[PDB]
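Below are two forms of the same protein chain, given as structure tokens: structure 1, then structure 2.
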Structure 1
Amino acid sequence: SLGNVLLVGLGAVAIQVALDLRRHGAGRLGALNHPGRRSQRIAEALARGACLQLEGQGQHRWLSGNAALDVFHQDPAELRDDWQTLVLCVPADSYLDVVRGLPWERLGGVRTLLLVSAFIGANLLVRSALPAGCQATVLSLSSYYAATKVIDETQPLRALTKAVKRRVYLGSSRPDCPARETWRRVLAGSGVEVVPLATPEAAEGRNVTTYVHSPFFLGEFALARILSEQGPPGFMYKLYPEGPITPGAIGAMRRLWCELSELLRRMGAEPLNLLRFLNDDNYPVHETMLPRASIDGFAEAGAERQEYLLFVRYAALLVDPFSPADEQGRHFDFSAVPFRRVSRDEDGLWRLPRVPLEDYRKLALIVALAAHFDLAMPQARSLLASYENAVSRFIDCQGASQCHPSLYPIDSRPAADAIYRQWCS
């Protein structure tokens, strides 16, 4: 049912996906990776006999396996009409560009396009770039279902998965789509539970980083760490002054969740119970910190209780409460995830890490889209402004000539308009 599968963007995600596809059963496996150093390293490794190699860490060792790459391309114009399924394993900010760059008028054999990390509107954005009469079904996965990295860029096709998510969601541009079940089974081989939902936006609306990264890593504290050069980087999930979590950040989280939930309703998607989603889909805590009744009742609890509960959740996860205690009674320091910070690239230009650049770009699109539904998203706009002000001051200080253009101002209104047009179609 998968046929021959083309992986677009041959990185960590694609290597995990490739092994899951091979466990399930598929035809030929191809990849498209745009030009660059990574593609050069891949092409030499393949010439020397390399295959895609996945290692599962620790209790995920059973994931480990090898898979042959049958075809490798860098240039979309060079694709033959030999692919039934495309899997987009590139950054989600690149989905539109990827789709616009493919020669769809001679890819009539493509039946399915899977978006692995679909933001709100991604399915619609992708469909707006397809030619009229294109028969491809577009699938939206709520987020990548694991934690995977290419360990060593010198062995470019060897990836390590260190964790697998509990649950993700899958929606389709085709009503009551059958490709959902096939991909539900494929990804279930990794241990993740895939929950099919009735529309793409219902799955896109269950992208966790939209709700968590936006309030915490677009605020003043996080940006000060991220843009800093000297001193310790600070910690992503600790409380102030060690990390960015404050009652104000939790208030931003609640208000943004309200804003996102109303957008989802206006797009025809049921929103989520934030506290239950975080506890049950991501990381749980004990009943004495978050009682089950408080978790299940969160959406009706009232703003003060909701903020208290969210603050309790993140305080309860400063350590992993289910980890073994050490001889001193301490639990694993779960919150001590260091901030990645700005770094100069090979051209000497300052670049931002994916946290927060990808998070800012996603939220900028969501706000622009929401405007079409007559939703102002003031909390979201405040977070966008915080990022923009901080990055602008960094450019002022370092000099535009020293900064990569991804730091410069963007405009998401054209993509938002394309999404809205597609949705009204």
Structure 2
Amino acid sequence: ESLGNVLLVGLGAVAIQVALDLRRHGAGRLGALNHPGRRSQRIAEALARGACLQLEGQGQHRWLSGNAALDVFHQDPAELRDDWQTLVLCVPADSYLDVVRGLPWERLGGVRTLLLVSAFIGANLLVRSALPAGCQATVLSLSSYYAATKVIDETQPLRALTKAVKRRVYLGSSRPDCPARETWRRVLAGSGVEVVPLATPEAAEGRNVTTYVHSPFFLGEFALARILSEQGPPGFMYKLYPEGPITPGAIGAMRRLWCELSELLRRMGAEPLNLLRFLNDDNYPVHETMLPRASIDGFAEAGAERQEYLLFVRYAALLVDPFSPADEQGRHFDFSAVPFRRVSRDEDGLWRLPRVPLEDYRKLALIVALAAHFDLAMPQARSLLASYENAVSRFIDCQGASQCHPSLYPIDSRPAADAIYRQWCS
């Protein structure tokens, strides 16, 4: 009714979870669009043999396992007609501009809402800048994807596993006092996530967890050395050095970037967040023994030294899951044993980067270019961008430009940042 017929744009891990939540609520017709490729070919094959979307919850999340039917799947936008009231962008956030430009808007006049499932600062404005003149669609920004979900087996592209669910995410809208926010609150509540509506898109985008966490940890020297490796151990994303990238220097980068992003938010009329309380209360907690409530609530007024200490403790306390059951010797589950994905050759033989860190870099590069329009230099952010750029440049030097996909090459974020700022000022 407020959702009508819903078109999922991108049909990967996020889309399958979102589809299960939409089918619980009642989506009218549910369709999906995914650009041509091996995945789309596999999806069409599975749907044609009668398959449905399948979502399995892992461990304590087993309760939300379910199946969802898809009414239509398109890998060719030419077949789309004006049948859709809601678009849900489940593609990577670094592709939002391309994907919105490529939609056949001449056949989508009935679209009333467009939801960005993993927004970042400026994404709402960027998407609006790409919409056709007079477009009626309200654009909604969800702060972060609300779970951890993976397609287990790429040969069963319609089956996903959700292994964590966040406690709270945030939702803003390009329409003031938007009623679609409540609809989406209900949709995500079905999986146990609390959606907090905020007054502007940028306030919600300022609560994108990966911008704060992936930037300092996965744009630094250790992560890049693992990711750009073909031999040797991949290491682990959330372990301490030398098993993973977390060091006191990375934590200092995290604090300083949070300060920079907070000032940008204030210049865009959004209230910044308390980083420690956000991580602990909205994403995943630790015991009071490790992070006392008074320290969590007081974090924004603590000194820089105390802030870095608390952030380090937070990540050290989650090397194992402190709430998991202990085994016979007293060990808890190794929560930080997610390995780094590394560079790999595509079907044209060209090196490609994994989404961590390519998407992380592209998001932060756009944010820095936007912040320039607000006379903010963002030196810590620029240091992280430079670390990535230098590491990827050395990789190209060693492997040969001939062997590298052009996504590894230098980009220019200034045009998109200019479009965002113009939309802002309009």
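Residue indices: 1-based, along structure 1. Between two forms, the rigid core is defined as the largest C-alpha subset superposing within 1.5 Å.
So which one of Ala249, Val342, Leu290, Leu102 actually moves, Cα shift of 2 Å or more between structure 1 and structure 2 once the core is superposed?
Shifted by 2 Å or more: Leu102 only.
Interdomain rotation between structure 1 and structure 2 (smaller rigid part versus larger, whole °)
6 degrees is the angle the smaller part turns through.
If I align on the rigid core, how far apart are the two C-alpha positions of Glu78 between structure 1 and structure 2? Answer in Å.
A shift of 3.6 Å at the C-alpha.
Cα displacement of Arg351 between structure 1 and structure 2, core-superposed (Å)
With the rigid core fitted, the alpha carbon of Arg351 is displaced 0.8 Å between structure 1 and structure 2.
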